[PDB]
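Below is one structure, written out as structure tokens; comments come after it.
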Amino acid sequence: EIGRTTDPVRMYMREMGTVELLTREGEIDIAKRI
DNA sequence: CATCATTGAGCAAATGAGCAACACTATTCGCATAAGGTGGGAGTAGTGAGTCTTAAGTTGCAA
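Following our numbering, the numbering of the first sequence begins with 549 at its first residue and continues without gaps.
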């Protein structure tokens, strides 16, 4: 039922939609790790 | 016997096309910008005929 979605944009949205938006303090958390 | 035309032969003078080597500058290339800006959009709508290929539905049929 993955409808042969030959647009690469569509599936690219399907992968980038996995990760949700991080707040700005989580950037302090991650750049802390950096 | 003399001499010259007449056939080779090569050269200086001149010149046209370069060459390398430095030296200088035009152009190009590559990097930066701090409050904040966290899911596209046009996508045609009035073909039809055929032929190959799956895909699924049905259906004898035998252990």
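Using N, Cα and C, we set each Cβ at its ideal position, and we do this for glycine too.
### Query
On the premise that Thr553 lies in contact with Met559, defined as a C-beta separation below 8 Å, what is that separation, rounded to the nearest angstrom?
In the first sequence, residue 559 corresponds to position 11, counting from 1. In the first sequence, residue 553 corresponds to position 5, counting from 1. So it is a contact: roughly 6 Å between Cβ atoms.
#### Entry: Nonlocal neighbours in the same chain, by C-beta distance under 7 Å from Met561, ignoring five residues either side
Start at 1 with the first residue of the first sequence, and residue 561 comes out as number 13. There are no such residues.
### Query
How is the alpha helix (DSSP H) around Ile582 delimited, first residue to last?
Taking the first sequence and counting its residues from 1, the one referred to as residue 582 is at position 34. Neither: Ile582 is in no alpha helix (DSSP H) and is coded neither H nor E.
### Query
If we ignore side chains and look at the alpha-carbon of each, how far apart do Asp577 and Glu568 end up?
Along the first sequence, read from residue 1 onward, the residue named residue 577 stands at position 29. Along the first sequence, read from residue 1 onward, the residue named residue 568 stands at position 20. Straight-line Cα distance between these residues: approximately 16 Å.
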